[PDB]
Structure formats: C-alpha cells, structure tokens
Amino acid sequence: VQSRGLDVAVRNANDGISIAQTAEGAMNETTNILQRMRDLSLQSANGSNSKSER
Amino acid sequence: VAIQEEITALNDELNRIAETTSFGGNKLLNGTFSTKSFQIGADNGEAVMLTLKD
C-alpha cells in the first residue's frame, strides 16, 4: 500500500512543480512588460517631451 | 531717422528670434517654456528644473 501510494505521491508532487513552473513562467513575461512600462514612464517625465510625445 | 530704421528692423529680428527658436516644435525663448523638470535619474523625484525666460 505504501509503495503504490508513494508513486502516486511523487506524480502529484511533479504535477505540483508543473503548475508552479507554468505560473512562474507567466510572471517572467509579466515583469518584463512592467519594466518596459517603467522605462517609458521615466522618458515621459523628461520635460523635453511634448504633450504629443506623452 | 535712417539709423532708427536699422534699429527698428533689428528689434523686429530680436522679437523674431524670441518667438521662433523652438525644439521640435516646443518654443523656447517666447516665454512659454517657463520651468521644466528633466528626470536625469534612475528613480522618481531625481529631476532638475530648467527655467527658460522670455
């Protein structure tokens, strides 16, 4: 009983790390987009930019 | 009188330079640039104030 159960346990864990792996991957793109927004934001702050540029 | 003609023309030119000099379309010496802040910083609130006058 324990041996068979241990196998199922491992599988469940692997699936767990899978969900986390997939989720983490999305967050990776999320940050990159956020960072670009920050850089664009700094550029907008510069007084040189006109309302059109903003 | 003739010298005044030259003075008249040159004061017009001064006025012109003042209401024409622009950067990409943002006028500079007309008296509208006033004060602007250039971020010059990797984080918020690190800008410096440039004040152009008429």
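Here is the naming used below: chain letters follow the sequence lines, and residue numbers restart at 1 for every chain. As a basis for the values below, the full set of heavy atoms in this structure was taken, side chains included, without hydrogen atoms, waters or symmetry mates.
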In this structure, are over 12 heavy atoms from other groups packed under 6.0 Å from B:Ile3 atom CD1?
no
May I ask you to check whether over 12 heavy atoms, not counting those of A:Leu6, lie within 6.0 Å of atom CG?
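Counting neighbours around CG of A:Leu6, more than 12 heavy atoms of other residues, nucleotides or ligands fall under 6.0 Å, so yes.
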Kindly indicate whether the side chain of A:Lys51, heavy atoms from C-beta on, has any atom under 4.5 Å from the side chain of B:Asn26.
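They are not in side-chain contact.
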State plainly whether one hydrophobic cluster holds both B:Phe38 and B:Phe23, where clusters connect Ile, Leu, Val, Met, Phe, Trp and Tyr through side-chain heavy atoms under 4.5 angstrom apart.
yes
ILVMFWY cluster, A:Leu42 and B:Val48 together (side-chain gap under 4.5 Å)
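In one cluster with A:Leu42: B:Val48, no.
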Partner chain B: residue of A:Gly47, A:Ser41, A:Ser50, A:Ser48 with the largest heavy-atom pair count (under 4.5 Å):
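Sorted descending by pairs with chain B, the first entry is A:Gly47.
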Quick one: of B:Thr35, B:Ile40, B:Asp43, who has the most non-hydrogen atom pairs under 4.5 Å with chain A?
B:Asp43
Separation of B:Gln39 CD from A:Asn49 CG (nearest 0.5 Å):
11.5 Å
